[PDB]
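Quick heads-up: it's one chain on its own, the form deposited in one PDB entry, in structure tokens.
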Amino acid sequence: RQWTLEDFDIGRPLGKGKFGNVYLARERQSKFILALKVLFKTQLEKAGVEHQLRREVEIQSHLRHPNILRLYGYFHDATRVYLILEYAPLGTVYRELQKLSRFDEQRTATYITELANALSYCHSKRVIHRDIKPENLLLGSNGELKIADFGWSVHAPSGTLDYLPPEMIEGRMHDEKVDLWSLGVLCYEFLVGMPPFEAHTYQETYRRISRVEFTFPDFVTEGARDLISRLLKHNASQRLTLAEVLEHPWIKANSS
């Protein structure tokens, strides 16, 4: 179907960045509710990202998983590009973490399981996400995690610095293990309420990631310390596999 903007009723903003806003939308004919992200062509070409966008759409025509948000298609006009997305009724994990401050051990491990299942599938098709962070994790109507925004994704091998591994911040070669590090940064932020290498400047953060300089607060349990520490390894190969995450005593104990 050759979609046009007139096929939709547009509703409230769902979110917004400086690439474009996301709006609630309803397809006029079916009454189907979805999300429309409105990207400006000027912004995309002035940043030379039009190719990464074209690849995202292409990657998202193949990926089908309950824990990956759907990109149903796209259409353009004179000035803007419109992405046709699955609506995530419970919003972002980013907003949920701001509200709750931090996540208990049970909801953390459940998210990490859902994220690990999504990434396991992605890594099978040789797709690496590279941009795992709370703002790209959204919540389905049953509170289930969905990974979103495949714009920075690539086939392996190939904002803030908080979630990026050493091999990536140092402009070097990298593979799947990128997502494995980001999963460990997430586990930590879920539990603590802030990411492990947080600093007030880009340059302090960069120093902390490459030297892997992080400490745990008192309340983090030994099983969680163990998971996170086996994930946040400078040497990519030493890290841990998704299968080792999913079969981890802490995940098994606490995941629902």
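From 1 onward, residues are counted along the sequence shown. So that the term is clear: the rigid core is the largest set of C-alpha atoms that superpose within 1.5 Å between two forms.
One more form of this protein should be noted, the form deposited in another entry, which is absent from this view; the next part is about it.
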{"item": "Displaced residue check between this form and the one not shown: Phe40, CA, 2 Å or over, core reference", "value": "yes"}
{"item": "Large Cα shift (2 Å or above) at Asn142 between this form and the one not shown, core-fitted", "value": "no"}
{"item": "Core fit, then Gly184 C-alpha moves 2 Å or more between this form and the one not shown", "value": "no"}
{"item": "Note on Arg225-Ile169 C-alpha separation in the other entry, which departs from the shown form by 3 angstroms or more", "value": "farther"}
{"item": "Comparison of CA distance in the other entry with shown form for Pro165, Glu105, at least 3 Å", "value": "farther"}
